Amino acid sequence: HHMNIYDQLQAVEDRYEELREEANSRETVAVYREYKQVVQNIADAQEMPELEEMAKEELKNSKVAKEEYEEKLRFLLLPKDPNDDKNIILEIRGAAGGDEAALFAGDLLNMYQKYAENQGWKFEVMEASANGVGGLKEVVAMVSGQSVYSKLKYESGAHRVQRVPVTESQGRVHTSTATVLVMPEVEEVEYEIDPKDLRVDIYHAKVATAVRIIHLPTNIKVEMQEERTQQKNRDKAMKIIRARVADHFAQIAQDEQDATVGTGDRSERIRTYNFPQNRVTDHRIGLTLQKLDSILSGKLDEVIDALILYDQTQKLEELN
């Protein structure tokens, strides 16, 4: 089968019309079907006094969209990370910088919360830990919807802020860091953990309802107390340990297979947010945009689509 991109996509659509792998195809067929609609629209415009000038504009517009879709299509048939279509657990922690680092963690949380709104996703904050002066020591959230990991997977790492603290009178720019970790949601079914490998402490932050679970082989610990029942706190804690433990080991297995955009090191500064310059830079793909205001407000697609494209270009080239 020495078949080209269009053959492959037509083969997908035919397999789609034959058809739980229908959802796997859904997004691709709608893109190819829309590309075929554009190609018809160009043929239509070529058949259609100032109406001639009108249709010539419509043709140019159609032709330009074909170029845009052509670029889209090449990457559609790439092999997907099977986690791409998963919901994710999101964690943000103020790291270096003090109060300013906790503020920025809050800024990031707001950004993802606004982005998640934009994307039509559900954003549950599962637990969060404030510093009692407007700052976020850490937060863990779950983000759910269509292919959430496929879009947020690149947020894992150290996010540097440079800004003049509101407390600062002398115009000095303080640099801080908040860390972000994004991990796919792992179903109990998919990743079983022997209770022998768990310590579950139940304690009062009446029935004690605060729950600490420590996965003993890794010393991964989670503490949940927000909920009114032990069961609720246990279950939340367990979703998070499962994710963290599966991620722990997926990371070692990635590391064994050395010899992906960025390093894959999650302590690496991946991004810098400079307030004075209204700048966001993503250090992995040499991208700087003077759009920090709108990025922090949740308009993060331009940045994410850049990363996706960089990765897809990488993956496509190495597939030669």
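Note that residue numbering follows the sequence shown and begins at 1.
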From residue 19 to residue 20, how many deposited residues does the entry skip: none, 1 to 3, 4 to 9, or 10 or more? 10 or more
Missing residues between residue 205 and residue 206 in the deposited sequence, please: none, 1 to 3, 4 to 9, or 10 or more. 4 to 9
Highest mean C-alpha temperature factor of the two stretches 264-272 and 284-292, which is it? 264-272
Going by the CA temperature factor in the PDB record, which third of the chain does residue 80 belong to: lowest, middle or highest? highest
Among all modelled residues of this chain, ranked by Cα B factor, put residue 127 in the bottom, middle or top third, i.e. lowest, middle or highest. lowest
Based on the deposited C-alpha B factors for this chain, I'd like to know if residue 175 is in the lowest, middle or highest third. middle
Lowest, middle or highest third: which one holds residue 217 when the chain's residues are ordered by CA B-factor from the entry? lowest
Residue 148: which third of its chain by C-alpha temperature factor? lowest
